[PDB]
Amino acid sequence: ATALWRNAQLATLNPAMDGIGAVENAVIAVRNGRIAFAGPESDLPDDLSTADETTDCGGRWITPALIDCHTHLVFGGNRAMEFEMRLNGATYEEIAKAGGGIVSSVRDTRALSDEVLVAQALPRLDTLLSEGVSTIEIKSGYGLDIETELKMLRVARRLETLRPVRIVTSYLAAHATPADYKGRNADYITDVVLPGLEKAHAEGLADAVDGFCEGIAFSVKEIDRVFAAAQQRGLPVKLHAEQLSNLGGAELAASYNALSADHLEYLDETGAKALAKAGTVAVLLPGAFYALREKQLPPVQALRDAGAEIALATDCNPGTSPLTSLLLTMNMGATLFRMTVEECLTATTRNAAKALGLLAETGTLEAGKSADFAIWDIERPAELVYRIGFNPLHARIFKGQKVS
């Protein structure tokens, strides 16, 4: 199966090229769902000059398909209630009393079947897909008991069978401490987190192991127990770090050569250097920053100076970032974090793929990788970061197949 997409402008994001690796008057040759060639039409090899199908892109811009490397897309119910209450002046105690807080998502997730969780997640997944997103990371963490933590991963896997999308999962039992384990974090990790990890891996339900290292969650030492267990099984690790305070989570992740450290509002210069040194991706999440009304900005310049690679994701979840637009995410990255257009585009493609350990597989328009790309009805790539609440997608191609 071969196909050609000619008369296009490519934003290859090939790391060997400057900027976003733009190629004018280009073509993408595809074979068996793989990129056989991506460059100047004048350089297309003879053996690739003909194909079963040919699409005239009319000079539109093509970028690698977008990637959302950090989401909690799977969960039951919503958290609109406390949102409204808080806006009415409700106290943290009053909301809790009313059933709000992370416990709300845990209860609603625990209460639903696989089938219903899939049903509730699809609208969110489709919203992302509609924007050209073809690779999405989904975490567990709204179960807090082995059975529910496992059910979440199961649902994530199932979603991949219902849509043309690449889904990777992250075991996140170490997200919070459930009620029946209050004040017993060590026992929680002993009875649920670790045993849950063994079980998830044995079923092939976990691609990576995540964690929440924060004063309101788990400590560096407690997360260390989890990462040690994952490392022994060959599972890559990632971590929600320095979101609400500076604890040293970023540094812990680096020492374990984690795929990424996410949030990072309170990350310091030492942590930034450590992440870069280890090749750990710094995932910034503007949605939560925005919704929580956070005042501490992540150290973008420090990351730049350290040579750390920055990614951007939606952190799509029910309580701190009910965001379902990665295009909007880029606009926030630029507007709120002052990231350049180049950084924003790289953050949702090349760096997003690296944060998932999929760079050799997808994320850029390079020969040898999966033919995953998005065709945009724009004159300039900057348009994808500039507009607020607009979708200029013209077409999405997943593994060489135009899907809609």
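Just count from 1 along the sequence shown to find any residue number.
A.B. asks: Between 70-78 and 171-179, which has the higher average C-alpha B-factor in the PDB entry?
C.D. replies: It is 171-179.
A.B. asks: Mean CA B-factor: is it higher for 336-344 or for 31-39?
C.D. replies: Taking the mean C-alpha B-factor of 336-344 and of 31-39, the larger value falls to 31-39.
A.B. asks: Return the residue from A258, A96, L303, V165 that has the highest Cα B-factor in the entry.
C.D. replies: Answer, based on the entry's C-alpha B-factors: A96.
A.B. asks: Highest Cα temperature factor in the entry, among the options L252, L275, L285, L205: which one is it?
C.D. replies: Each of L252, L275, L285, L205 was compared by C-alpha B-factor; the highest is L205.
A.B. asks: Using the temperature factors of the C-alpha atoms in this entry, rank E361 within its chain: lowest, middle or highest third.
C.D. replies: For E361, whose C-alpha B-factor we compare with every modelled residue in the chain, the answer is the middle third.
A.B. asks: Rank-wise, by C-alpha B-factor, drop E242 into the lowest, middle or highest third of its chain.
C.D. replies: Its C-alpha B-factor, which the entry lists for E242, ranks in the middle third among residues of this chain.
A.B. asks: According to the PDB entry, is the CA B factor of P322 in the bottom, middle or top third of its chain, that is, lowest, middle or highest?
C.D. replies: Tercile = lowest for this residue's CA B-factor.
A.B. asks: Could you place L4 in the lowest, middle or highest third of its chain by Cα temperature factor, using the values in the record?
C.D. replies: It falls in the middle third of the chain.
A.B. asks: Among the modelled residues of this chain, does the Cα B factor of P45 put it in the lowest, middle or highest third?
C.D. replies: Its C-alpha B-factor, which the entry lists for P45, ranks in the highest third among residues of this chain.
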